[PDB]
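Note on naming: letters A, B, ... go to the chains in the order of the sequence lines (proteins, then strands), and numbering restarts at 1 for each one.
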Protein chains: 2
Amino acid sequence: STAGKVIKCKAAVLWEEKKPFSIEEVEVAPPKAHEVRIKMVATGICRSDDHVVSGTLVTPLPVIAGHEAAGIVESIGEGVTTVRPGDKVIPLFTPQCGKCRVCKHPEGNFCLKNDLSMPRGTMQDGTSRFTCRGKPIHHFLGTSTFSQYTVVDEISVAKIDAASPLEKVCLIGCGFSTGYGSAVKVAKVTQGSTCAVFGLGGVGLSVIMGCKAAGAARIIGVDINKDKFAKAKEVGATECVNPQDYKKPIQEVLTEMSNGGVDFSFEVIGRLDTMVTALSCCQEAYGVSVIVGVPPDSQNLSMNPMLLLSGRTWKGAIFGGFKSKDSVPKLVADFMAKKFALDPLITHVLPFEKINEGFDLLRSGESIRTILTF
Amino acid sequence: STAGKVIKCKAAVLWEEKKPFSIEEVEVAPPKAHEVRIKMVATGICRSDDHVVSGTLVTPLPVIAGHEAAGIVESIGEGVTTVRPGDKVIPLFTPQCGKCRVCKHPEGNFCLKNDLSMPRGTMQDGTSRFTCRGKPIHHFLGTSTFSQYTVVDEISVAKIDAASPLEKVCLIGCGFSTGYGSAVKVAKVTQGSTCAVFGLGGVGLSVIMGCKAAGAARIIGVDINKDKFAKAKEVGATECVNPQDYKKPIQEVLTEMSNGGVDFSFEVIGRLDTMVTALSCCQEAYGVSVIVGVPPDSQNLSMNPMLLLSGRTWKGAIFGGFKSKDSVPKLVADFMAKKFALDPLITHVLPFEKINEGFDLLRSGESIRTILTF
Ligand SMILES: NC(=O)c1ccc[n+]([C@@H]2O[C@H](COP(=O)([O-])OP(=O)([O-])OC[C@H]3O[C@@H](n4cnc5c(N)[nH+]cnc54)[C@H](O)[C@@H]3O)[C@@H](O)[C@H]2O)c1
Ligand SMILES: NC(=O)c1ccc[n+]([C@@H]2O[C@H](COP(=O)([O-])OP(=O)([O-])OC[C@H]3O[C@@H](n4cnc5c(N)[nH+]cnc54)[C@H](O)[C@@H]3O)[C@@H](O)[C@H]2O)c1
Ligand SMILES: [Zn+2]
Ligand SMILES: [Zn+2]
Ligand SMILES: [Zn+2]
Ligand SMILES: [Zn+2]
């Protein structure tokens, strides 16, 4: 039995940028008040985890990364009321404290307790539950799912259906919910509209799924890797374009294709140039562009504000605009009720021990989501 | 007595940037098919007219500027159905053709027949109705209201109430409707919200009027000219701040004053730096910022897209988002029913012949709106 005890388990530690993960024994402290210790069952490889490796997304190192996952509660600290030992759960990389001005706002979801704006790499109490070779190891986004066991704050975990298939619903922890919500909740895609989706990875395919669910008439996928096109069409793209195939800039191509600009565009890559292209390709008077891709650390884009003065709307969001703890259990219930599909996003299933091979698949352009199984 | 004839009249011709207007005789051709010739009664001096002088807003020279006005139809060309001789009218610097994809869209107002995005300085048929010293003179935004007579396309004029006071309702042709609609229609300011308004000229005061009409609890005016604060408070500002008074950047000041950022911000100046500051000061998760000011020609701003990724919305608009021909007569009717006030915007009245004194008053910081009478 493990409750109240330190657990020694396997985790993938990132000791420094631009190095493979190190799969080795860590010590996981028991949960303190209002904390939850979770036995991991499955975790996805999101491009944002790779951003930690590449230094695109700055967070304190050394670190246990991973934020898209599902598992089973091993133990709860004093005062926890929302989960119990044995519950299936999804860690929430965007917390929902329920008390801050954002949590109380009808349209806010980026809870002020988040660790994304100004990353500390700790629990809410400013300390770590992880050690490795006698050194403290940082948390990542209050989740740290590349470990057989993690500890999260109560505001960073949701209880989900006991009959949930965790090797699929882990994607509701990041990529599916982000993309789908970016379409249905943040953009509010309309029936009969034309959409353009820049980036056809796991998150961009989930944007397509949402645009199709919202009734878009046309969904134009845009990627420099034409190997991504077939799956984009399977989940709802009506046509795909590779910017490398054209002499003109792709904003001009998309404006022409849409007879004067698209209704909704999405940047789902993480490049400054594609954020400006995606804004420019939406109709100048009434178009909406949503930034989903995480930009490179501390870099500014350049744009002409006449793009906005004519009437465009530009916005971004974390986690598809979903209030995380309210939404994740409902999304899982909706998946159980066959309201959407997750299998199209899953190209590879590997044991956790093959994490580096999973990242190599993403980096090579050869995967959408790899699910790692513990 | 002038129908079908060239009219010789006085106009204010701008021959050169950064020079006084020349009040001199022009020839005004009669209206062609679907054109309307208007005897001007009153015209306001909007900062955008000054932008033509300063080269902030590029349009071909020589030009008859003026776009905020009211007058009486002198004659109509063949096929005109929406106005008749003797009707009171407001020229529409944003047309409403009723046929393009923007005019058909429920939100859109920036009709594709506009002359603002890529100014040519002509009528819709690519020609000019004005001659001066035997030389063709450009139009401005299809209106050219700094003339005793102008000719406009039918899609650029609205019939208004016969009992309208033209020396007041000319402001519905630009500055009032722009500011008021930017608050009520484009931002959709909510009851109990906190708003920040950058720039307290005629347009920014109109934004304040709209925020107060929408029920905002706090309306923070921001201007480097503290002489602007008294009138801002009269029309609904709850407090005013001068960035020059503070050691810290004003986005930090406003974030602190609003206990974490404002609900709605407005840039009503025309500076790249204040567009970014106004975005930054709205709450990072659910804030909305609206660009109203006209930026300097062809210049790009620099910004960090993490400001949007957290959840901010950034938009801009022309003419307050109003569909011009539908909306102007209704706004006049509402004014006549005392639903809003225009007198707080009018600080000076001059004859048209004193147009250069009117521009001196604007440039010195003294005026809000000067109304010129023909
Ligand atoms: N906002 C959020 O909450 C959130 C959540 C999840 C992911 N993200 C970010 O979203 C982005 C996509 O994540 P993902 O789907 O896991 O990544 P991914 O699987 O790497 O997909 C990115 C796609 O972009 C394509 N691409 C690369 N460069 C270009 C280019 N110049 N033009 C067009 N296509 C290009 C690329 O070929 C790939 O298919 C990353 O930046 C993530 O960090 C954000
Ligand atoms: N979008 C549209 O349809 C539309 C319509 C009408 C006017 N405009 C633009 O809106 C802007 C305002 O027009 P207006 O009200 O006639 O002009 P205005 O009367 O010149 O007012 C601008 C105000 O900005 C103040 N100001 C200048 N610099 C700063 C600074 N750094 N920080 C804070 N305040 C500052 C200034 O003191 C003045 O009171 C101009 O750029 C116009 O061209 C746009
Ligand atoms: Zn919160
Ligand atoms: Zn992610
Ligand atoms: Zn139109
Ligand atoms: Zn104006």
Side-chain angles (χ1 to χ4, degrees), chain A residues 9-26 38-57 59 61-72 90-91 93 130 132 137-141 143-150 165-179 199-206 223 225 227-228 230-232 235 268-270 292-294 341-374:
Chain A
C9 71
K10 197 178 302 189
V13 178
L14 185 70
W15 291 101
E16 68 186 284
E17 70 168 7
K18 301 185 179 191
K19 299 289 183 171
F21 292 95
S22 185
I23 296 273
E24 60 182 290
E25 185 165 70
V26 304
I38 305 168
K39 187 176 185 189
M40 218 67 55
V41 171
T43 187
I45 297 174
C46 174
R47 177 64 68 167
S48 303
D49 301 299
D50 182 63
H51 292 337
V52 171
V53 182
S54 69
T56 288
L57 183 53
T59 195
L61 308 182
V63 68
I64 297 174
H67 62 288
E68 179 176 86
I72 298 168
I90 291 172
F93 76 82
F130 297 119
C132 184
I137 312 296
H138 293 95
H139 297 246
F140 178 60
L141 305 182
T143 60
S144 289
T145 71
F146 293 162
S147 184
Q148 288 178 329
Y149 292 83
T150 195
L166 295 191
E167 77 283 1
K168 299 189 182 313
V169 298
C170 55
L171 293 188
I172 290 164
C174 182
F176 173 75
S177 304
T178 297
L200 304 175
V203 184
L205 292 172
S206 299
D223 207 299
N225 181 357
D227 296 343
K228 298 293 170 174
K231 179 62 63 64
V235 302
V268 206
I269 305 160
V292 187
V294 174
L342 295 171
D343 286 349
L345 305 176
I346 302 167
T347 56
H348 298 79
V349 183
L350 303 176
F352 173 62
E353 294 77 15
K354 295 189 192 292
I355 184 162
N356 288 310
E357 298 85 336
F359 276 81
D360 291 337
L361 285 166
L362 181 69
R363 291 169 186 143
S364 71
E366 291 170 4
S367 57
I368 300 293
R369 285 296 201 259
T370 296
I371 307 303
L372 299 176
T373 55
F374 291 87

Should [X] and [Y] count as side-chain neighbours, where that means a heavy-atom distance under 4.5 Å?
| X | Y | value |
| --- | --- | --- |
| A/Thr143 | A/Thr150 | no |
| A/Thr43 | A/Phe374 | yes |
| A/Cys170 | A/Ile90 | no |
| A/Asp49 | A/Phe140 | yes |
| A/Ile371 | A/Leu171 | yes |
| A/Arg363 | A/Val53 | yes |
| A/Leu205 | A/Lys231 | yes |
| A/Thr145 | A/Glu68 | no |

Between atom [atom1] of [X] and atom [atom2] of [Y], what is the distance when rounded to the nearest 0.5 Å?
| X | Y | atom1 | atom2 | value |
| --- | --- | --- | --- | --- |
| A/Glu366 | A/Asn225 | CD | CG | 9.5 Å |
| A/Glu167 | A/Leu372 | CD | CG | 13.0 Å |
| A/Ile355 | A/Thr370 | CD1 | OG1 | 10.5 Å |
| A/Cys9 | A/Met40 | SG | CE | 8.5 Å |
| A/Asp50 | A/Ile45 | CG | CD1 | 9.5 Å |
| A/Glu357 | A/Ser367 | CD | OG | 12.5 Å |

>> For residues 11-24 of chain A, which residue pairs pass the salt bridge (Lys or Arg N to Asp or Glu O under 4.0 Å) check, not counting sequence neighbours?
In response: A/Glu24-A/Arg133
Where is the tightest heavy-atom contact between [X] and [Y], given as atom of each residue plus distance?
| X | Y | value |
| --- | --- | --- |
| A/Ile38 | A/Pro91 | CD1-CG, 4.3 Å |
| A/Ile64 | A/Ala11 | CD1-CB, 4.0 Å |
| A/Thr56 | A/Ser54 | OG1-OG, 3.1 Å |
| A/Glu353 | A/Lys10 | OE2-NZ, 2.8 Å |

>> Out of the candidates A/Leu61, A/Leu14, A/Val13, only one should pair with A/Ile137 under the side-chain contact (heavy atoms from CB on, under 4.5 Å) rule; please name it.
In response: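 So the option named by the test is A/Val13.
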> Taking only residues two or more places apart in sequence or in another chain, which ones pass ring-ring contact (aromatic ring centres under 6.0 Å, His included) with A/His139?
Replying inline: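 Testing A/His139 for ring-ring contact (aromatic ring centres under 6.0 Å, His included), a comparison that skips the adjacent residues, returns A/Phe130.
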> How would you list, by chain and number, every residue that makes a ring-ring contact (aromatic ring centres under 6.0 Å, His included) with A/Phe21, sequence neighbours excluded?
Replying inline: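 ring-ring contact (aromatic ring centres under 6.0 Å, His included) check on A/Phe21 returns A/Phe146, A/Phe359.
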>> Checking A/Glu25 now: which residues fulfil salt bridge (charged side-chain N to carboxylate O under 4.0 Å, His left out) with it, not counting sequence neighbours?
In response: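 For A/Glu25, no residue satisfies salt bridge (charged side-chain N to carboxylate O under 4.0 Å, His left out) once neighbours in sequence are set aside.
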>> Tell me whether A/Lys228 at atom NZ has more than 12 heavy atoms from other residues, nucleotides or ligands lying less than 6.0 Å away.
In response: yes
Check residues 343-351 of chain A and write down every donor-acceptor pair under 3.5 Å in which the side-chain atom is one partner and the other belongs to a residue at least two apart or another chain.
from: A/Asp343; atom 1: OD1; to: A/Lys168; atom 2: NZ; distance (Å): 2.9
from: A/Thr347; atom 1: OG1; to: A/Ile368; atom 2: N; distance (Å): 3.0

> With A/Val41, which residues qualify under side-chain contact (heavy atoms from CB on, under 4.5 Å), at least two apart?
Replying inline: A/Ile72, A/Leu166
> When you measure from the side chain of A/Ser177 to the backbone N and O of A/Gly173, does any donor-acceptor pair fall under 3.5 Å?
Replying inline: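 Side chain of A/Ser177 to backbone of A/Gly173, a donor-acceptor pair under 3.5 Å: no, none is there.
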